[PDB]
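Novice: Just the first chains of my complex for now:
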Amino acid sequence: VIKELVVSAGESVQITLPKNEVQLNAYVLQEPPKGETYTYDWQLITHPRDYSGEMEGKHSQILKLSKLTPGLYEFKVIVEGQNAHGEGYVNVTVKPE
C-alpha cells in the first residue's frame, strides 16, 4: 500500500516564441518532512512534429526545456516517495510569432 499526494504547479504556462526557454517547478502538497526524499519522473507525452528533443528526464525538481517549436507540450510528472505517490500534468502551449 502506497499513499498519495498533490501535484499543482500549472497547467498553463502559456509561453510564446522567441522566448521559448522555460523551466517547470514541482510544488508538493502537503509539507514534506526533511527526511523523506522524493523521486520525480518527467515524461513528454505530446510534442509538435518538428520537435528535436532536449528534455530528457532529469528526475529532479527543475525541468530544463529547449529548442521549442510552437505547439502543445504535455508533461506527465510522477512524484514518488517512501510511502507517498502522486502525479500531475502541465500544458505548455508555445505560440508562434
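Specialist: The structure has been received and is ready for your questions. Residues are numbered from 1 along each chain as shown, chains lettered A, B, ... in the order given.
Novice: what's the distance between the residue of chain A positioned farthest from its centre and residue A:19?
Specialist: The C-alpha centroid of chain A is most remote from residue A:1, which lies 25.4 Å away (Cα atoms, centre = their mean). Per Cβ to Cβ, to the nearest Å, residue A:1 is found 45 Å from residue A:19. For the C-beta atoms, the positions are set from N, CA and C on the backbone; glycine is no exception.
Novice: Kindly report the same for residue A:44.
Specialist: In terms of Cβ to Cβ, residue A:44 sits 20 Å off from residue A:19.
Novice: Kindly report the same for residue A:74.
Specialist: 20 Å.
Novice: between the two, who's got more neighbours?
Specialist: Using other Cβ atoms under 10 Å as the criterion, residue A:74 and residue A:19 rank with residue A:74 on top: 14 against 9.
Novice: just checking, what packs against the host helix or strand of that one?
Specialist: Following DSSP states H and E, one finds residue A:74 within strand A:71-80. Counting contacts by 3 or more Cβ pairs under 8 Å, 6 or more residues apart in numbering; DSSP states H and E, strand A:71-80 packs against strand A:42-46, strand A:85-94.
Novice: Would you convert the ones you listed into CSV that also reports mean neighbour count and distance to residue A:13?
Specialist: Below are the helices and strands packed on strand A:71-80 laid out as CSV (neighbours: other Cβ atoms under 10 Å; distance: least, Cβ to Cβ, whole Å):
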stretch, mean neighbour count, distance to residue A:13
strand A:42-46, 14, 14
strand A:85-94, 17, 5
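Novice: Residue A:30: which of those is closest?
Specialist: strand A:85-94 (10.7 Å; Cβ to Cβ).
Novice: Name every sheet partner of the closest one and say whether each one runs parallel or antiparallel.
Specialist: Applying DSSP bridges, strand A:85-94 is found paired with strand A:71-80 (antiparallel).
Novice: What's the local residue count around residue A:52?
Specialist: 11.
Novice: any chance of the helices and strands packed on strand A:71-80 in TSV, plus distance to residue A:36?
Specialist: Below are these laid out as TSV (distance: least, Cβ to Cβ, whole Å):
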stretch	distance to residue A:36
strand A:42-46	20
strand A:85-94	12
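Novice: now for the ones you listed, which one comes closest to residue A:55?
Specialist: Going by Cβ to Cβ, the one of the helices and strands packed on strand A:71-80 nearest residue A:55 is strand A:42-46, 5.7 Å.
Novice: As chain B, please add this:
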Amino acid sequence: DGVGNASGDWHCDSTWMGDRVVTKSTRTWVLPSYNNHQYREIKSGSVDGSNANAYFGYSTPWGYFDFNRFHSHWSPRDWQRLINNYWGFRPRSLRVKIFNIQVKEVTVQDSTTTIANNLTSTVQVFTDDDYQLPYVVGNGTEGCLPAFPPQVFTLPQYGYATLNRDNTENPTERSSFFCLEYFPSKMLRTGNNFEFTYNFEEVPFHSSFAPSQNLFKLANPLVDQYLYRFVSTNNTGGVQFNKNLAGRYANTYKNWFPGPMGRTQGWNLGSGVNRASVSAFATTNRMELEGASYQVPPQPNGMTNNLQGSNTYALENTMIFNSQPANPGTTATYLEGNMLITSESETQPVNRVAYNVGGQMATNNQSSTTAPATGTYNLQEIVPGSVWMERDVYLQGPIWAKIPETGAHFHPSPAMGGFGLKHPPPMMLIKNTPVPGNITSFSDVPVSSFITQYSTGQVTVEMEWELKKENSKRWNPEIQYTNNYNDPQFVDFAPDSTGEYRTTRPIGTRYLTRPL
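Specialist: That brings us to chain B, laid onto the chains above:
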C-alpha cells in the same frame, strides 16, 4: 502443436512482383479482459450541448483486429516506391493468421502483482463473414496495428451503438442486441493458431495521379471553336453573338463539369489572418439526420481545400491526423504544429474549392424593365456530365469502409477516402475465455468472480495489391515524394533517442501526373 513449439513464424516483408505486391506484416498484441467478462449497456445523453452525441449501445468483452490503415501494411519506403511509380492500386486478397497465443494471469496478493502464465486457458476467435454484426472497423477509430513493426498494441474493445429513442439515451423497440457468443468461435490454447483467407471484390483502382490539365481548359489554345456565344444586346432588344476564340477558356463551350460542392469555411494556417476567438462549433456544415444535427467532416467527394501554395485551408473538409498516438479521452487543445493537416491541392484542376462559391445562376427573367441578375450558390449536387476526383488515400489513413446495408446508394466512394466495399474484410473478434475463481457452493446466479487474466500473441496480415502501371509520354521530370528536409534534427519515419516512432508529414498518392 504443443506448448514447447512455435505455432507460426514472423512474416513481415513486401515482395514487388511486376504489377502486384504482397505486403506481409506481423505485429504483437495484448488483449485485456474487457468488462470483466460481461455485456454492458453503454448509453449517453446530450454532452457538449448537442443531442447528436446521445447514443444507446452495448459494450462487449470481445476485442477485435483493426488492420484498416495503410501504414499497418506499408513501410514508408514501400509506400514511396508505390506512389512515385504507379497510377493505381487496389487490394486483391488478404490472409490473416493469429499465432503464438499465450495467456498470463495477474495475481495481486499484498500489492505484489505476480504475472504467470496458465497453459490451460483458452482464447476464442471468430470472424464475422456473413456480416451479421455491426461492422465498426471502417470508421476512423483507434486500436489499429502500429505503423512501426516492433510496437506492441492493445486490442480495442468491441462496442456498437444501436438505435436510441428521440435523441435520448433510452432505446427504441427496434434497438437490437447481438450476443457474440452465439457465433461459433475457435477455441485457441497456447499451441493452436487461427488462419483466415479473404478475396476482395471487384473495386476500381484508386486514381493515384494528379491531373496535368485543367477541366475547363481541355481545348487547344490555337484553333477556335465553331460555336458562338451570346455576348450582348444592342440598343433594341436584338441579341448579338461573338465567336469563341482560341484560348479564351472563360467563355468557351464546356463538355464536362466539376463535382459536387458544399461551401465550407476556410481558415488560414501558417501566418493566418483568422478571426480571433472563434468557437468553431456553431457555424460548421451540419447534416441533420432523424432529429439531431451532426457535423459531417469531411464533406462528400468532389471538392478540395487548399488551392496551391496558399495558407487557407478548409478545415471542415480535411483529414487531420496527429503526429503521434494520443492518450484516450484527452481534451487537449492541439495546435498547427502538432497535427498533420493534409492537403488536397493536387486535385484542383478537376474539383472546386470548398471555401469559394461554385458559380452563379440567373435569378429573374429579364425584360425591357428588369435587368438580368445572377445569384451565387453555395452548394451544387450531382449534375449529369459531372467529373470529380476521389479522396486521396494516405499512409496514415483508412483502407476501406463498408457500404451501409440500406436499399440504394450513389457511387460508394467513402468520404474519408479509400475503397468502398460491399463485403469488406470480416471483423476478427477475439476474447479471453472466463476462468472462474474459487466457487465452493451452487447458486443459480451466474459466476461474477473470475481469475483476472490477459492474453498476448502475434498476428500476421498478408495483403495483396494489384497495381496500375504508369505509362506516359511526358518529357520533363515529375514531382515525386523525395526525402527533403532542411537541417534534420532527426530521421523522419524512424525512432528517436526516446525510441518513439517519429512521423512529421502525411504522404499522399497523387504524385504522378496525367492528362485528362
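Novice: mind redoing the neighbour count of residue A:52 now chain B's in there?
Specialist: Close neighbours of residue A:52, defined as other Cβ atoms under 10 Å in any protein chain shown, add up to 16.
Novice: Can you give me the distance of it to residue B:120?
Specialist: In terms of Cβ to Cβ, residue A:52 sits 50 Å off from residue B:120.
Novice: Same question for residue B:42.
Specialist: 32 Å.
Novice: who's more crowded, those two?
Specialist: Neighbours were counted for residue B:42 and for residue B:120 using other Cβ under 10 Å; residue B:42 has more, 14 against 10.
Novice: dump the residue contacts of the more buried one.
Specialist: Residue B:42 makes contact with B:55, B:57, B:58, B:59, B:159, according to Cβ atoms under 8 Å, 6 or more residues apart in numbering or on different chains.
Novice: and what of residue B:36?
Specialist: When contacts are taken as Cβ under 8 Å, 6+ apart, residue B:36 is in contact with B:61, B:448, B:450, B:452.
Novice: does residue B:313 really touch residue B:339, like I thought?
Specialist: No - contact criterion Cβ atoms under 8 Å: residue B:313 and residue B:339 do not qualify, at 11.1 Å.
Novice: overlap in contacts of those two?
Specialist: Counting by Cβ under 8 Å, 6+ apart, nothing touches both residue B:313 and residue B:339.
Novice: Tell me which of the two has more neighbours.
Specialist: Shown here are residue B:313 and residue B:339; by other Cβ under 10 Å, residue B:313 has more neighbours (26 against 20).
Novice: Just list whatever residues bridge to the more buried one.
Specialist: With DSSP bridges as the criterion, residue B:313 is bridged to residue B:267.
Novice: Quick check: the gap between it and chain A.
Specialist: 16 Å (Cβ to the nearest Cβ, to the nearest Å).
Novice: tell me the SS of residue B:60?
Specialist: Of the three states, residue B:60 takes strand under DSSP: H, G, I helix; E, B strand; the rest coil.
Novice: residues in chain A within reach of chain B, list them.
Specialist: A:1-2, A:44-50, A:52-53, A:56, A:67, A:69-72, A:74, A:91, A:93-96 (Cβ under 8 Å from any Cβ of the partner chain).
Novice: Counting neighbours, which bits of the strand holding residue A:74 end up buried?
Specialist: Buried positions in strand A:71-80, judged by neighbour count with 16 or more other Cβ atoms under 10 Å in any protein chain shown: A:71, A:72, A:73, A:74, A:75, A:77, A:78, A:79, A:80.
Novice: Can you tell me, leaving aside adjacent residues, what's nearest to the last one?
Specialist: Okay, so that is residue A:80. Excluding its sequence neighbours, the residue lying closest to residue A:80 (Cβ to Cβ, 6 or more residues apart in numbering or on different chains) is residue A:39, at 4.6 Å.
Novice: tack on chain C:
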Amino acid sequence: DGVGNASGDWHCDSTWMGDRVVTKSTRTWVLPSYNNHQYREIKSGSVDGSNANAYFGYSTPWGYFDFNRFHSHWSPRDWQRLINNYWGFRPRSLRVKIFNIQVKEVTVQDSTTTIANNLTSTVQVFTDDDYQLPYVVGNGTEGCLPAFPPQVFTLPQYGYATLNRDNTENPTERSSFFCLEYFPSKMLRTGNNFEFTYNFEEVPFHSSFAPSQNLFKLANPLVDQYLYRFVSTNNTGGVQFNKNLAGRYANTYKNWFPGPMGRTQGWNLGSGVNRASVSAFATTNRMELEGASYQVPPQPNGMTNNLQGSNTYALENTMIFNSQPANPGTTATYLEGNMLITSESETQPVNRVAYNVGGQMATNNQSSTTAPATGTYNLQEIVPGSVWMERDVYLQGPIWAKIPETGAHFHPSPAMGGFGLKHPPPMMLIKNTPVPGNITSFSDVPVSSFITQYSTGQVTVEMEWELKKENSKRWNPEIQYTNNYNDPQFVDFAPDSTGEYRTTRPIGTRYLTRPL
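Specialist: Below is chain C, added to the chains above:
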C-alpha cells in the same frame, strides 16, 4: 491430446434446415469438490409443520449436467422464429461433449489463497444410460445451463431421496443406496474429452398452436340439428321436446368433451380484490400419498388459469418463474413485480378453467312429489371422448421428464409441461477425483485429508429438433410474439449496465392459430 492443445472448440449456433433445426450451445462450468469427497446421509423431519417434507436420502460428491430447460439451447430470437412459424416441434437427437478440462488447486496459506492448476489431476465422467440411478434431472431444479452464453454456471450437487419410514427421517428396509463409483467412468485429464450421443424416442409433437374455435361451438350457426332436446313437461307428466336450433350452442348435442379438472383457488393479480392476510398453505389442493399430504402444483393437464384479459389467475395451476436466478435457500417474500406469472389463456376453447365449477349433474330422481335438482362438482377425471390440450412449454421451462418406472400409467404428459420420456437423456454425472494430502504412515482408516481443489471446463450440447410446418388457409394476420415495449428503459433478453441478463416476460409457444 496434451496440455498445450485445445481439446475442442466453441460451438454455439443454430442452423434452421427446412423442417429441422440443430441448436448447439457451449457453456463454461465450475465443479466444486462437493462433500469433501464422501457420501453423506441427508435426512429431515417435518419442517414447516408438514411431514411431507420429511425425507431420507444420500448426497454424493458427484455433480451433474442439467441442460433440461429450453433457454439452454434456444436464443430468444430463434425461439421467436420457432413459435411464430411452426405448429409443432420435438427433439430427435442429442450430442453432449465435455472438453477443455482444467483443474485448479486452492491452497489457503496464511489467508493468501493461491490458485494454481495441477496438470496431473483427473476428472471422472460417466453417463447413466441403463437408468439405474435415481433420475433427478426432470424435476424443475436449479443448476441448469444459463440462458445467456457467456455466463459461467456451477454444477449442481447430485443427491436423491429414497424411501423414508412413517414420514420420519429414518429409513425403511427398502431404502437403497447407489454408490456412483460402482459405475464405469472415463478418467479425464486436461487433454482428454468426453463425447456422448443420444437419439430420442418417438414422442408426439408439442402442439404449439392455439385453437381458432371453441370446443362446444363446432357446429355451424346456420343449419340446425336433426336432434331434439327435452325442454319441459306439461301440466301432466308428459315430456316435451324442442328442435336444437342453429347457433344455440348452449343446448346442442355435443360430440367431444373437455379434459380433466380439479377446482383450484383463483387469486386476483394486477389491481386485485383478494382476501387480505391469507396464509395460503392450509387451503391448497393436496394429494395425500402414503401417509403425508403434498401440495401438487401444477395440477394435471386439462385445465387453465386466466380466461382472457382478466386479472384472476389460479396460482396453484400455474408455473411461476423468477426474472433472475436467486440465491439458494432464500426465504424472501417475492411480489407480483418480481415473478414471471405465466398464463395458459390460449387453451381456453378446449380446457376448463380451474377457479370455476365444471358442470352439474342430477342429484335425485324426480317424481310428482320431488322436483329435479342438480349439484355442481369441483372435479371430473377422464371421460371417454374427452379432448384437452397439453401444458404449454416456455423458453424458461423444462424440456423433458422421465416417466416413473412403475407398472402402468395413463398418457404421460408431464404436468410441468414438456415431453414425457420413458428413456430420457442419460444423466451425465461428474466429479473431481480425490487427491490425498500429506499421508506419512499406514492406517486402515481411509484418507480424510485431501488437496482441496475444483475443476472447470466447457461443455457443448447439440440438440436436433423435428418441426411441424404451419399450413393454414386463414386469411387475416395472426397474433405473433412481437417485441412490444412502451418506452423501454432497457433492452429485454439482453444485459444491462450491471451486466446481468435481463428477462421480463415468459414466452409461450401457442401463437399460431388452428381450427379444431
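Novice: again for the contacts of residue B:42, since chain C is there now?
Specialist: B:55, B:57, B:58, B:59, B:159, C:497.
Novice: can you give me the helices for chain B?
Specialist: B:76-83 (DSSP state H).
Novice: Chain C contacts on the stretch 101-250 of chain B?
Specialist: So the stretch 101-250 of chain B meets chain C at B:107, B:109-110, B:118-122, B:124, B:165, B:170-173, B:175-177, B:179, B:181-192 (Cβ under 8 Å from any Cβ).
Novice: Next step: those restricted to strands.
Specialist: B:107, B:109, B:124, B:186, B:187, B:188 (DSSP state E).
Novice: ok, back up a step: also compute the angle for the strand holding residue A:74 relative to strand A:42-46, please.
Specialist: 150 degrees (axes from the mean of the first three to the mean of the last three Cα atoms, to 10 degrees).
Novice: Identify all contacting residues around strand A:71-80.
Specialist: By Cβ under 8 Å, 6+ apart, the list of residues contacting strand A:71-80 reads A:5, A:7, A:24, A:26, A:28, A:38-49, A:51, A:63, A:65, A:85-94, B:332-338.
Novice: coming back round to it: any idea how far the residue farthest from the centre of chain A is from residue C:184?
Specialist: In terms of Cβ to Cβ, residue A:1 sits 54 Å off from residue C:184.
Novice: now swap in residue B:171 and tell me
Specialist: For residue B:171 relative to residue C:184 (Cβ to Cβ), the value is 53 Å.
Novice: Repeat that for residue B:110.
Specialist: For residue B:110, the distance to residue C:184 - Cβ to Cβ - is 46 Å.
Novice: Same question for residue B:85.
Specialist: 72 Å.
Novice: Among the two, which residue is more densely surrounded?
Specialist: Neighbours of residue B:85 and residue C:184, each counted by other Cβ under 10 Å, are more numerous for residue B:85; the result is 15 against 7.
Novice: okay but the more buried one is in contact with residue B:470, surely?
Specialist: Yes - with contact defined as Cβ under 8 Å, residue B:85 reaches residue B:470; the gap is 6.1 Å.
Novice: hey, what's in contact with both of those two?
Specialist: With Cβ under 8 Å, 6+ apart as the test, residue B:85 and residue B:470 both reach residue B:512.
Novice: does the residue in chain A positioned nearest to chain B have beta-bridge partners, and which?
Specialist: Nearest residue of chain A to chain B, counting by Cβ to the nearest Cβ: residue A:71, 3.1 Å away. Each beta-bridge partner of residue A:71 is listed here, defined by DSSP bridges: residue A:94.
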